[PDB]
Amino acid sequence: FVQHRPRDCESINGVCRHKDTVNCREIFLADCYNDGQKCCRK
């Protein structure tokens, strides 16, 4: 089974970087998996 988790980042064709990267555009739609990372336009 699984939990109640919306959408990640990889499930959208994105990347998982640091929420404090720099210029790695974040995807306010795709989530990460580390809890501390965010989505980026690859």
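Six or more apart or on different chains, Cβ atoms under 6 Å: show the pairs whose first residue is in the range 22-42 and within 16 Å of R5 (Cβ to Cβ) and whose second is among the aliphatic types (A, V, I, L, M).
From residues that are within 16 Å of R5 (Cβ to Cβ), the pairs are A30/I12; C39/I27; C39/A30.
Residues checked against (1) loosely packed, with under 11 Cβ neighbours inside 10 Å; (2) in a loop (DSSP other than H, G, I, E, B); (3) not polar (S, T, N, Q):
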position: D8; (1), (2), (3): no, yes, yes
position: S11; (1), (2), (3): no, no, no
position: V22; (1), (2), (3): yes, yes, yes
position: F28; (1), (2), (3): yes, yes, yes
position: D31; (1), (2), (3): no, yes, yes
position: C39; (1), (2), (3): no, no, yes
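No Cβ is skipped: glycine too gets one built from the backbone with ideal geometry, and neighbour counts run over all protein chains shown. Every read-out reported here was derived from the displayed coordinates using simple, explicitly stated rules and does not represent laboratory data.
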